4 protein chains.
Amino acid sequence: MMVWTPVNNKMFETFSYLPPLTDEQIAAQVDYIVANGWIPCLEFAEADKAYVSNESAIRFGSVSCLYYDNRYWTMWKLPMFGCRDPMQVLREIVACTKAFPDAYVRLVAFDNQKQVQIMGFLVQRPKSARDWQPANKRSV
Amino acid sequence: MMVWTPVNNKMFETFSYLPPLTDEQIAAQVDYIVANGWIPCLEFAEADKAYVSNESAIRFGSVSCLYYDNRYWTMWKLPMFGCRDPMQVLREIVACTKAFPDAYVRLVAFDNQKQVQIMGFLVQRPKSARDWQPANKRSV
Amino acid sequence: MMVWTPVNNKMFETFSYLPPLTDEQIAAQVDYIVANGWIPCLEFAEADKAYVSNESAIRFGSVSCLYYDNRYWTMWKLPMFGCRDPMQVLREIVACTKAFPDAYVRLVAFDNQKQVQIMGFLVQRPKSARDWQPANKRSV
Amino acid sequence: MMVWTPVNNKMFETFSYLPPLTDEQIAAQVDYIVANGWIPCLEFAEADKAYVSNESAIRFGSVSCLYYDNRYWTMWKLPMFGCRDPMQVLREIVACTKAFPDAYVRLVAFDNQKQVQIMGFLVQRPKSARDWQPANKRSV
């Protein structure tokens, strides 16, 4: 019987329960975006703005239902409309992480027919982050 | 006239006003669980999640009555259903404290007829805790 | 034209706008308590509990009017009922400050006919307090 | 395509999107105040009181609309009524920044016919401020 640790074991939505994505695995996800005609986009946030919080609810009456701060991140340039080249997306990941080496960075893609984000996963976390576990240390 | 100190004098419910439990005293409490047929279970929490607090009430209307965060701790494995062996409980205390050496750890027992926790006391506090007094420094 | 400083210029109610009380000045205030038949008492608080705050209002509906945390301090022993000797009060100030050398300590007096505190002033602040000005540095 | 940075890029209302004002540029703004017959005034605030916040809203019902802490700063002396000399304003800037070298200081001017502040801009920020970007580092 192994025990799932509650300590410093924060997650990051899709794919965060798998082993960290290799460069080949990321490339494959990017091919999937392009093959489906979705719109790639990068978003980023400093460590203090990375996880959902409640601080703005201090200003509210009884209307906090499904309100959370830090759902929005900051857009890196613009969504890559008309992009049909996976290398272009990989180059923007490099450019974004270079400009913001200490930020959380996530890759997302949009479907404009449904008007919804259709994919998303973390591609960088700050090296100073101490609030997460490697796969083999998630249970003890 | 001695003065009960308000400074760094936090307590931990049942038995926290007595001298710290010896290993023999813990064993005796464990025998009491087994003799009564109750279900032993261990729970633990990191220092930041150990004491009752109010942070979630920021999301509330006028409904904070008997709401507190940090009442729930994290379960170590499962409650030990059918356990009639005190040595088994002692071995789980050892295993739990070893896996989480910096956590607060409490031993509890359940009665399934009343469906309520029927006993509970702290069995470990982190070595770095500075918010509590030894028995002879509780008053000055 | 001198400018009253807003920075690190916290005050402590009665007499805090005067030069700090000498031992002779404190003795005189104590004589005043005794001459009037009032009940002397000492109260103390650690630095974090010294000034009025709002943290408990997170639990409230619209009822925060004239609610503040940290108005209560901690009683030193009991109010000195029947005390008609100023030296006894001075000895308790010494004893209280010795047991809590890093606390704020105030002397108060009660009138039991009106049932209200009738006098009060600070008799010790922690040496580590940096949030207050000397009389000659209160304006610049 | 350059990306506007969200990190440590706080601004300070009027003129904060231009290059920092030179002494000659400040003098020109001051001439503008005097030429129009407006009332010059200086205000200042320590770093913790410089930007708009919400802390007092913890005491509120549903009435936080257009309530913010830290809109008021501290007045330096009095508004300079009748002042028709730009050198006088410049001398008060010097005197204010000297007395409060670690404070944010802003120059404002009042129109008493409209009864409203008619101009305002930052004239000093603390040297220890790390929450702002130079013009050439505002986008990456």
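Some notes on this structure:
- Cα-only radius of gyration and Dmax that characterise segment D:48-88, units Å: 16.4, 48
- Modelled spin-label separation between C:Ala129 and B:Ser64, with each label point placed 7 Å from Cα along the Cα-to-Cβ direction: 2.8 nm.
- Expressed in Å, the radius of gyration and Dmax of the Cα atoms of segment A:1-42 are 14.7, 45.
- Sorted on the mean count of surrounding Cβ atoms within 10 Å across their residues, most packed first, peptides B:79-90, B:35-46 read B:35-46, B:79-90.
- Set of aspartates and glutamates near C:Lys137 by C-alpha distance (under 18 Å), chain-local residues within fewer than 8 positions excluded: D:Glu46, D:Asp102
- For a label point 7 Å along the Cα-to-beta-carbon line of D:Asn112, residues of segment D:40-61 with backbone N under 14 Å: D:40-41
- For segment B:21-89 and segment D:19-68, distance of Cα centres in Å: 53 Å
- Relative contact order [Cα under 8 Å, 6+ residues apart], segment D:73-126, whole percent: 28 percent
- Note on D:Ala27 and C:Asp48: with the Förster distance fixed at 51 Å, the Cβ-Cβ geometry gives a FRET efficiency of about 0.60.
- Working ranking of peptides C:98-108, B:17-27 by packing, defined as the average number of other Cβ atoms within 10 Å per residue, highest first, is C:98-108, B:17-27.
- Other-chain or far-sequence residues with amide H under 5 Å of C:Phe110's (modelled H): C:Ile39, C:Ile118
- Summed side-chain charge close to C:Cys96 - residues other than C:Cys96 whose Cβ falls under 14 Å, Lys, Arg +1, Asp, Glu -1: +1
- Chain D, closest residue to the rotation axis toward C, by beta-carbon, whole angstrom: D:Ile58, 4
- A Cβ-based charge dipole, computed about the Cα centre of chain D with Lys and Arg at +1 and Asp and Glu at -1, lands at about 200 debye.
- A simple rule links phi to the HN-Hα coupling: the Karplus curve 6.51 cos²θ - 1.76 cosθ + 1.60 with θ = phi - 60°, which for segment A:56-65 gives 6, 5, 4, 8, 9, x, 8, 10, 6, 3 Hz, with x for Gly and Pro.
- Pairs over the 27 Å Cα-Cα cut-off, from the set B:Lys77/B:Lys127; B:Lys10/B:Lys114; A:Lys127/C:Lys49; C:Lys127/D:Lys10: B:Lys10/B:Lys114; A:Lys127/C:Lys49; C:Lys127/D:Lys10.
- Equivalent-ellipsoid semi-axes for chain C (Cα gyration tensor, √(5λ), whole Å, largest first): 26, 22, 15.
- Within segment B:62-117, all pairs of alpha-carbon atoms sorted by distance into 5 Å bins from zero give the percentages 4, 13, 22, 21, 17, 11, 7, 4, 1, 0.
- Taking all Cα pairs closer than 8 Å and separated by 6 or more residues, the relative contact order of chain B comes to 37 percent.
- Nearest-20 debye value, the protein assembly as shown charge dipole, Cβ charges on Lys, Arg, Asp, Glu: 180 debye
- Chain B: calculated mean residue ellipticity at 222 nm from DSSP helix runs of at least 4, using -39500 (n - 2.57): -6000 deg cm²/dmol
- Choice from B:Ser128, B:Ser62, B:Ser16 with maximal GNM fluctuation in chain B (Cα, 10 Å cutoff): B:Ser62
- Per-residue mean of foreign Cβ neighbours for B:1-13 is 3 (Cβ atoms of other chains, 10 Å radius).
- Per-residue ³J(HN,Hα) for segment D:6-18, Karplus 6.51 cos²θ - 1.76 cosθ + 1.60, θ = phi - 60°, Hz, x for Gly and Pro: x, 9, 6, 10, 5, 10, 9, 6, 4, 5, 6, 9, 9
- Kirkwood hydrodynamic radius (C-alpha pairs) into Stokes-Einstein, the protein assembly as shown, 20 °C and 1.002 mPa s, D in µm²/s: 71 µm²/s
In this analysis, Cβ positions are derived from the backbone assuming ideal geometry, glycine residues included, and neighbour counts consider all displayed protein chains. Here, each number is a calculation from the coordinates, and none is a lab measurement.
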